[PDB]
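A single chain, nothing else alongside it, follows as structure tokens in the form deposited in one PDB entry.
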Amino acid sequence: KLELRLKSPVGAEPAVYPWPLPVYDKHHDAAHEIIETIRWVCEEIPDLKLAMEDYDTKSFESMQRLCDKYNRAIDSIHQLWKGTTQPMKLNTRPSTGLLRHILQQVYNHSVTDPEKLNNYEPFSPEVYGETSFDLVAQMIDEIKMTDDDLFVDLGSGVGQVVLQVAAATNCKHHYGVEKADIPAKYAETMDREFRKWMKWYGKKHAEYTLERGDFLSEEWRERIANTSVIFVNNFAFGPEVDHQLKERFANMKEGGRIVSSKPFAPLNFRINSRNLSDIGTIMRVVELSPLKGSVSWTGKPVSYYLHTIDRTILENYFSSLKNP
């Protein structure tokens, strides 16, 4: 059995690839994953980049040559580290660039038949759609979580939002919960592959768990109440599900935040006597800045919304009713 092997820069088990190298979709294949993996390890380690500084992706010999060259360079670096040279700092977070490649790699090794994710009932709250790496990167940059925070993706799909946030932030725990069998099944493999690849690159992530469950269940009422940052792609959920979610958000703590693809209260909410029980009485809503040149299917640019629990809105309304 012909095989390509890439040694780990930190001495984990080598990544092994069968030949012929498989294709993942029209734009991704294992041959270019190998090449980009070498490239990224070269970014992690300058001396390796230096040692690397005629790739026919369809020729075995030629790809084996690339692999052996990387593998020989990894051995020499490992020897440098037994000398006076300081070994790669371990347990750091991956850069944004590396993380994107890791998630791509993890997805392609896990989501073995992507078409199966489109076998949901259409026009139902089970409609599946993936939030892009770039949006999640923006949210990470703009929300700024600390180790006091708990992060939950409600309806986590195959789990890639949770993996990215877990790789990038120091929340005490990250959760995803997903109800449908197909994506939750894939989420099990995403999880294993993410832990494997992260050890392989020698990078740390914060604690996370991917769960099969229904986030409208009784168990999930208290969990939502105690969550400080909720991510929820509720674009296709519909009004009954969003209403139920509103009822659960009303128990969140001051300063709790929800990032969503459809707003849970209007942006122009003015508290008055008719709307006293509406969820807009206890939260600020703002529209996150669109990322430059990102059109949605509607033609307008992709739109996400940040909600912050803030009951001073309601307290101020009540004091107002005492003072003309």
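Here, rigid core means the biggest group of C-alpha atoms that superpose within 1.5 Å across both forms. Residue numbers here begin at 1 and follow the sequence given.
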How about residue 158: is it missing from at least a third of the other entries compared?
no
Other entries modelling both neighbours but not residue 129, at least a third
yes
Do any residues of the deposited sequence lie unmodelled between residue 61 and residue 62, and which range holds their number: none, 1 to 3, 4 to 9, or 10 or more?
none
Mind pulling up the entry and telling me whether 292-300 or 257-265 has the higher mean Cα temperature factor?
292-300
Averaging the C-alpha B factors as listed in the entry, name the stretch that ends up higher: 209-217 or 153-161.
209-217
Comparing C-alpha B-factors across 96, 91, 228, 233 in this entry, the winner is 91
Select one of 193, 178, 148, 130: the residue whose C-alpha shows the highest B-factor in the crystal structure entry.
148
Split the chain's modelled residues into thirds by Cα B-factor; is residue 114 in the lowest, middle or highest one?
highest
Based on the deposited C-alpha B factors for this chain, I'd like to know if residue 34 is in the lowest, middle or highest third.
lowest
Modelled-residue ranking by C-alpha temperature factor, third containing residue 104
lowest
For the chain shown, is the CA B-factor of residue 246 in the lowest, middle or highest third of its modelled residues?
middle
Third of the chain, ranked by Cα B-factor, where residue 84 sits
highest
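Below, we refer to the form deposited in another entry, which is not included among the displayed structures.
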Listing 121, 254, 75, 222 as candidates, which single one shows a C-alpha movement of 2 Å or greater between the shown form and the other one when the core is held fixed?
121
With the core lined up, does the C-alpha of residue 130 move 2 Å or more between the shown form and the other one?
yes
Under comparison with the form shown, the C-alpha atoms of residue 99 and residue 128 in the other form shift by 3 angstroms or more, placing them closer
Since the C-alpha distance between residue 131 and residue 252 changes by 3 Å or more in the other form, give its direction relative to the shown form: closer or farther.
farther
